[PDB]
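Undergrad:
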Amino acid sequence: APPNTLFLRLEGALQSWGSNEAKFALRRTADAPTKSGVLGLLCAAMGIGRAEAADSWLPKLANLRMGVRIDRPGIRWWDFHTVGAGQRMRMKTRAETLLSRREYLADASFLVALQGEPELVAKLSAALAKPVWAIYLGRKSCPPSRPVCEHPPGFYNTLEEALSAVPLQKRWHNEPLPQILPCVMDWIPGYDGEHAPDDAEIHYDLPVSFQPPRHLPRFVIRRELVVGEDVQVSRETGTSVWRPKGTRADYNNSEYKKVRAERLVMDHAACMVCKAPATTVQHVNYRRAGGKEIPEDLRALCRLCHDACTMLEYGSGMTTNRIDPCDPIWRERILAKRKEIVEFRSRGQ
Amino acid sequence: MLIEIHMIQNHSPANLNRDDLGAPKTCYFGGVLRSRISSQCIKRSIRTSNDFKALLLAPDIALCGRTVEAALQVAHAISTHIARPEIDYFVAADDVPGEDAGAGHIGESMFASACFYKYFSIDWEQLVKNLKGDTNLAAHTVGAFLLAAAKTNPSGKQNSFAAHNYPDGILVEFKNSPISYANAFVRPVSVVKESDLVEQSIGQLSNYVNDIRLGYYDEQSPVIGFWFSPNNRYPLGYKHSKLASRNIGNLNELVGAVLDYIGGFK
Amino acid sequence: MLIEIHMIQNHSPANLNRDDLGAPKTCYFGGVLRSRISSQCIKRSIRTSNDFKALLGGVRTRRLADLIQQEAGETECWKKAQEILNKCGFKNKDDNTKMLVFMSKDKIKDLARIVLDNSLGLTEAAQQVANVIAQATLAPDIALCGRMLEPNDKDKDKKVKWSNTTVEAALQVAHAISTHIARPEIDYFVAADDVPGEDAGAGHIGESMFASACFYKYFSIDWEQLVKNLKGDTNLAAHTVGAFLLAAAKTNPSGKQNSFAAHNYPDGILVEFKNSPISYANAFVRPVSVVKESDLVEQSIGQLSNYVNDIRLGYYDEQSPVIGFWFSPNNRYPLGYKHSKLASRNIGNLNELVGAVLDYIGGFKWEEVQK
Amino acid sequence: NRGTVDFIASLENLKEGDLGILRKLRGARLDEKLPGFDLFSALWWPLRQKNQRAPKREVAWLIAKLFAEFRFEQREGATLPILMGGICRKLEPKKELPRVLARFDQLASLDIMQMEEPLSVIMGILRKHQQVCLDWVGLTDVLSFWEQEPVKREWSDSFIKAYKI
RNA sequence: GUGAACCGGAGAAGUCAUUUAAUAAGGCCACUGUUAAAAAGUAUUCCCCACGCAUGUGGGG
Ligand SMILES: [Zn+2]
Numbered sequence: 003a004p005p006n007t008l009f010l011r012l013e014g015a016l017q018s019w020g021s022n023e024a025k026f027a028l029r030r031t032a033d034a035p036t037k038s039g040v041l042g043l044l045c046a047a048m049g050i051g052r053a054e055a056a057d058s059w060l061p062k063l064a065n066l067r068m069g070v071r072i073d074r075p076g077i078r079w080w081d082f083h084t085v086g087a088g089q090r091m092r093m119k120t121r122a123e124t125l126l127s128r129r130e131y132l133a134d135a136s137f138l139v140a141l142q143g144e145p146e147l148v149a150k151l152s153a154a155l156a157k158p159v160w161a162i163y164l165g166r167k168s169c170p171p172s173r174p175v176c177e178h179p180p181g182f183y184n185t186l187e188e189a190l191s192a193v194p195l196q197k198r199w200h201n202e203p204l205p206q207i208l209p210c211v212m213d214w215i216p217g218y219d220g221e222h223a224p225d226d227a228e229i230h231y232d233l234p235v236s237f238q239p240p241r242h243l244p245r246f247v248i249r250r251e252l253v254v255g256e257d258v259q260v261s262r263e264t265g266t267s268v269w270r271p272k273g274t275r276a277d278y279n280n281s282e283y284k285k286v287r288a289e290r291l292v293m294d295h296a297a298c299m300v301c302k303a304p305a306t307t308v309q310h311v312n313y314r315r316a317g318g319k320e321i322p323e324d325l326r327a328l329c330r331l332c333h334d335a336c337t338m339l340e341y342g343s344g345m346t347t348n349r350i351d352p353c354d355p356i357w358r359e360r361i362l363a364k365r366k367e368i369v370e371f372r373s374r375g376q
Numbered sequence: 001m002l003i004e005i006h007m008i009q010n011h012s013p014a015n016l017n018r019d020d021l022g023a024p025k026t027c028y029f030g031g032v033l034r035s036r037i038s039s040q041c042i043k044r045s046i047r048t049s050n051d052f053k054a055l056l138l139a140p141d142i143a144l145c146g147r166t167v168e169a170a171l172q173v174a175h176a177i178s179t180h181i182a183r184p185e186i187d188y189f190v191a192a193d194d195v196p197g198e199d200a201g202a203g204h205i206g207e208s209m210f211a212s213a214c215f216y217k218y219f220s221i222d223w224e225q226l227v228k229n230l231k232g233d234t235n236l237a238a239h240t241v242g243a244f245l246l247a248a249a250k251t252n253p254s255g256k257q258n259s260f261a262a263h264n265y266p267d268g269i270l271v272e273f274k275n276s277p278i279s280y281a282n283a284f285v286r287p288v289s290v291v292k293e294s295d296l297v298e299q300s301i302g303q304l305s306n307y308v309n310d311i312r313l314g315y316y317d318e319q320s321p322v323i324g325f326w327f328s329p330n331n332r333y334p335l336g337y338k339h340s341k342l343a344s345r346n347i348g349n350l351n352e353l354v355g356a357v358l359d360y361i362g363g364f365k
Numbered sequence: 001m002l003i004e005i006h007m008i009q010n011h012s013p014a015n016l017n018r019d020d021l022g023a024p025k026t027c028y029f030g031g032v033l034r035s036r037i038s039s040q041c042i043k044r045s046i047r048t049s050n051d052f053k054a055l056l057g058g059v060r061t062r063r064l065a066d067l068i069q070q071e072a073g074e075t076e077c078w079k080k081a082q083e084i085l086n087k088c089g090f091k092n093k094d095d096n097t098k099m100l101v102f103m104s105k106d107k108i109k110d111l112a113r114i115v116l117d118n119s120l121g122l123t124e125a126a127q128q129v130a131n132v133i134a135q136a137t138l139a140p141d142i143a144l145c146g147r148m149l150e151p152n153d154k155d156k157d158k159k160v161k162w163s164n165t166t167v168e169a170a171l172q173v174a175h176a177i178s179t180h181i182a183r184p185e186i187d188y189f190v191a192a193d194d195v196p197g198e199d200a201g202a203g204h205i206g207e208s209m210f211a212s213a214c215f216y217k218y219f220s221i222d223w224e225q226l227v228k229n230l231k232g233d234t235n236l237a238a239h240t241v242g243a244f245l246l247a248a249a250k251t252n253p254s255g256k257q258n259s260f261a262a263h264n265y266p267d268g269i270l271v272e273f274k275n276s277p278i279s280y281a282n283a284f285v286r287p288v289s290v291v292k293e294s295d296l297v298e299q300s301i302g303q304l305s306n307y308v309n310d311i312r313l314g315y316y317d318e319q320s321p322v323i324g325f326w327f328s329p330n331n332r333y334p335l336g337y338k339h340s341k342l343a344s345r346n347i348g349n350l351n352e353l354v355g356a357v358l359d360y361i362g363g364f365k366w367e368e369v370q371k
Numbered sequence: 002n003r004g005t006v007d008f009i010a011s012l013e014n015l016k017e018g019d020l021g022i023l024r025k026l027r028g029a030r031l032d033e034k035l036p037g038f039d040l041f042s043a044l045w046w047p048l049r050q051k052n053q054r055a056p057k058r059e060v061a062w063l064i065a066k067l068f069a070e071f072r073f074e075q076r077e078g079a080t081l082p083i084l085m086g087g088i089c090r091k092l093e094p095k096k097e098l099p100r101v102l103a104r105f106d107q108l109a110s111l112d113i114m115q116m117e118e119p120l121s122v123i124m125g126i127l128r129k130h131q132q133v134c135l136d137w138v139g140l141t142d143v144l145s146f147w148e149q150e151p152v153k154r155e156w157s158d159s160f161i162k163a164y165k166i
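Residue numbers (the authors' numbering), protein chains in the order written: chain A, 3 to 93, 119 to 376; chain I, 1 to 56, 138 to 147, 166 to 365; chain H, 1 to 371; chain K, 2 to 166.
Written out as structure tokens, the structure is:
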């Protein structure tokens, strides 16, 4: 059972599949990817020029059957667009500014199923794995945010089960999902029902050429799917909003229990400030704590000097860095804290 | 193969792009409203720069547009956080005293500060076929565009706000299928006391790059990328199995590394 | 060539700039709320300062007919001047036209000369009037700030077509953001009655708003566009630059200064000579907190020095070295106790800083160019 | 949140001598007046050893000083925004309400290190109306995650819900 | 190489001027840290290195 259909994921921050009714400086768009637009995307991915497209490639690929499922409808967003500001414009020339207003779709995603010849689908997918040219979503200022070559080809019978095959991928966990997903699919005669129903509407996106752009109409129908029954909700990948590493804390750990022994050996079991016999070790340079402990930034200390340094660190600021003995600074405050500890701390506690 | 430049740039409060009413241009993403800079504004500001023109069939006609189809590709500059427009109440003054302390004019202008994410794409095959097999000039104009895009800004309302900022993170990658990383900032960046606006944006970019490297980009073909911040100000994914192949601390070194990959030219 | 000045200035509790509701102006930078001073406020306070008085040669007024009458003496021409001003597309709403007009003060005598004589007709004189306002650009303040003037079209004389009446700005001034978080404060004030009565109440009760902050000021001057704005007057351009530096350093905006008197001097000035403008406002994307071991100004200067080092090391180019001077009074505040290498020259006197700036600019001396 | 409960219970168990010691240290650091440092270390250190979670040191210090100055019986269901809204509702709606609301809304702008006096004025307004209870556990939990946006959102929403009814 | 490609909404600006939160006040009243104790001790000092019948001397920690 060789695969017979190809799936396209069309999702980007900004999208614009232009409609037939623009014809002027009001560049509009359609609610779904047009057939001519995705055909031009395919021809750009295969490296076929505009003149070369009109002879064989477009008539060959116009025999496929296409259906688009809506994953996210998006929001239509306009854009004021001036041309030739501070510069002349063609036709002789004129020092003038051209005003226009463009329309894009924002935060939208579509799934396109294109059933056809298995060799055609295989060659098309092979071309789409490494596109010849940069493929955008309608306009050149709309690059895709997801790989078009994402979903694998397969063999199915109807377009409804084809759009049922691919699960719906969820964003962040709180985000809700659409409950009724509209599918817009090409009308199929079947050679028995020769006359289309009255709900079938004409769209004008059957292409012939691209340099003298020519289109013909086609009958398009619109049905719907129910999520869960027809499309299973996929689960998001392992991800999170980036947070700075809050490190960890663990002394029971045997590796630190031996690093402190190495430190007490290497400073010869003596304090750095008052040179009394050492009791513990202060953990200066708290970065790389727990798993990447280097017995260099640690400094052995007695109980009174360690308590004084902890008193100084609890007061004032406190960040990943610490207060390091052997510094010529902070000596006077450490000695004052030593005096206060000696003359004020009560052992009855 | 395709070259892709991703850019993170925070701007001081200004109005770098307007509309028919004066408001900064915006867009919609992640369920919220983000600030925006239109792609044609960035392309024009890159193209007409005097330092760029004095630097380098024509190289600008080969890179940009005028069937001559450009290999350049500038996307709309989305913002990694929820937009925050603001109104400034201005009053004009008169140097000549009158019967009252009138102003002369009263009004409101708009401004907004944002940390924009920029995406760029250069098609190497179209560029080399545009110049009829020439390669050294192609690398030269790629480097010229890299320096220009790293050191340029739009001129909108810059006599009053002067937002002459510099980028704080650049990521240059080589791969075939074009994918942008705007999906990283689907969740808007919210600041915390233990980080900056640029730091969290760079970290979220690193997280998204790590997740997509664990996913679609299998061992079919390795992906080569270079990460740059000034004097190694911000790391993209500290260690993290070397998410970025290099860490650079000068623009010239990144330009030379990219040139030496693409052709080995110097 | 561009001269860029970055300043750090801590202010006493005051309300130097406020919006329509009286609150001090704020902005959102780096996701955090900071205090702001509008750029036009700084530009006006420098322009109308005592230290810039020798260079003030332009007036931005709405009542030009009043100046015409006050410079014509006693001969009555005020209605006539208003009529000719209306003929060149300016309108008239009770002795003040609908638009402000920027024009050097030296040309009011010429306008008086055209308005006085009845030898010429009306409409042609209106055209002549335009030719004086389109060429009254030889002022230091017009050269610095820049002027654009677009007259009306529904009441023009059809024979008064205008020349180019714009001047590109030779000075870019940013909005003075704060280096730390915003801390707005409310001052609950009362106003008492000097005459005793029955009750103990006072005349008025209200609340004002004030805040104290450390501001980061950024200015940029384009020397080539400056000397083009004054038509090659390099001497006068250098005089403007020196006087502007003195006024910017030694003047503060006069907002609510009779109740707060926050006349604080800057604690650090960095003057750089470049070819492309760079702003160090991203030094304070992370707001400046306070540690007991230091103070606000020293921490701000250290953060600025760290970001300047980052920028210089990450954007070094051997083709365009950058020369900068650091100024602090009697070298009280150096550029951080970590590098001692980002400042090419350390200056402790403001006058010496101005003289060195002028000598780098053109080799002139200050006392030569002051007149 | 059991560590916070143990912290608050140990705070209520304090005698009057160390309460006066803490009262004398309002507005101060942690590096001076050694008896305060020793008492705070005795209060806070056993929480980390047994309980994996523990309130932040700055939050715990602020809570201890505020409890020393403004001794309140800990009771579940008496969060600060609810009591503040109940006080604000029985006010003159033209002059006093904007002033007191501004003093309340000043709080949701700073960090932990500067909330002492803006919280002390709030506790003074509470003590003016003779309160006898305050949810120290909920206030500590909210103050711990003060940088999360839904925390401030729920703080303001609870205040508005208590104000409206 | 897509109703596509080539494609700035830009230029101008101070929210200013005026002001006391004033007037009254006690944290008071009651309290034993008490009960018991030698700084003494010879039967192998925790370790290096020169000689000996001594039933140990010398130097080092
Ligand atoms: Zn010690």
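Cβ atoms here follow ideal geometry from the backbone N, Cα and C, with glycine treated the same way.
Could you confirm whether any beta carbon from chain A is found closer than 9 Å to the beta carbon of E155(K)?
TA: For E155(K), the answer is no, since every Cβ of chain A falls outside 9 Å of its Cβ.
Undergrad: What residues in the segment 262-293 of chain I have a beta carbon less than 7 Å from any beta carbon of chain K?
TA: Under the 7 Å Cβ criterion, the segment 262-293 of chain I contributes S289, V291, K292.
Undergrad: If you draw a straight line from the C-alpha of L111(K) to the C-alpha of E59(K), how long is it?
TA: For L111(K) and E59(K), the distance between alpha carbons rounds to 14 Å.
Undergrad: Along the chain, where does the beta strand (DSSP E) that runs through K274(I) open and close?
TA: First-last of the beta strand (DSSP E) with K274(I): 268-274.
Undergrad: For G22(I), go through chain A and note every residue whose CB falls closer than 8 Å to its CB, in chain order.
TA: Per Cβ cutoff of 8 Å: no residues; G22(I) is ~11 Å from chain A at best.
Undergrad: Using 9 Å as the limit for Cβ to Cβ distance, is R147(H) near chain I?
TA: No, its Cβ sits nowhere closer than 9 Å to a Cβ of chain I.
Undergrad: Along chain I, in chain order, which residues have C-beta atoms closer than 8 Å to that of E150(K)?
TA: The contacting residues are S289.
Undergrad: Less than 8 Å separating the Cβ of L331(A) from some heavy atom of ligand 1?
TA: Checking every heavy atom of ligand 1 against the Cβ of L331(A), one is found closer than 8 Å.
Undergrad: Take the Cβ of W269(A) as the centre, count every other Cβ of all protein chains shown within 10 Å, and call the residue buried at 16 or more, exposed below.
TA: The residue in question, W269(A), is buried, as its Cβ has 16 or more Cβ neighbours within 10 Å.
Undergrad: Does the Cβ of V300(A) lie closer than 8 Å to at least one heavy atom of ligand 1?
TA: Flag set: Cβ of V300(A) near ligand 1.
Undergrad: Indicate, with yes or no, if ligand 1 has a heavy atom lying under 8 Å from the CB of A303(A).
TA: For ligand 1, at least one heavy atom lies less than 8 Å from the Cβ of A303(A).
Undergrad: Please report the Cβ distance between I8(H) and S300(H), rounded to the nearest whole angstrom; I am assuming they are in contact, meaning their Cβ atoms lie under 8 Å.
TA: Rounded, the Cβ-Cβ distance is 5 Å, consistent with contact.
Undergrad: Terminal residues of the continuous alpha helix (DSSP H) containing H333(A)?
TA: First-last of the alpha helix (DSSP H) with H333(A): 330-341.
Undergrad: Terminal residues of the continuous beta strand (DSSP E) containing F246(A)?
TA: Unbroken beta strand (DSSP E) run through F246(A): 242-253.
Undergrad: Taking only runs of the beta strand (DSSP E) that begin and end inside the segment 176-232 of chain A, which ones reach a length of at least 3 residues, in chain order?
TA: If we require 3 residues or more, the beta strand (DSSP E) runs fully inside the segment 176-232 of chain A come out as 207-213.
Undergrad: In three-state DSSP terms, what is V285(H)?
TA: In the structure shown, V285(H) sits in coil (DSSP, three-state: anything other than H, G, I, E or B).
Undergrad: Show which residues of chain I have a CB atom less than 7 Å away from the CB atom of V268(A).
TA: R286, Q303, listed in chain order.
Undergrad: Taking Cβ to Cβ, would you say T240(I) is nearer than 9 Å to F364(I)?
TA: Against a cut-off of 9 Å, the Cβ pair of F364(I) and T240(I) comes out as no contact.
Undergrad: Which residues in the same chain have their Cβ closer than 7 Å to the Cβ of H130(K), if we skip the five residues on either side of it in sequence?
TA: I88, listed in sequence order.
Undergrad: Throw me the rounded Cβ distance for the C176(A) and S276(I) pair, which I believe falls under 8 Å.
TA: Rounded, the Cβ-Cβ distance is 6 Å, consistent with contact.
Undergrad: So, does the CB of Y278(A) fall closer than 9 Å to a CB anywhere in chain I?
TA: Closer than 9 Å: no.
Undergrad: Do you know whose CA, among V132(H), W78(H), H180(H), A238(H), lies nearest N164(H)'s CA?
TA: Residue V132(H) is the option with its Cα nearest to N164(H).
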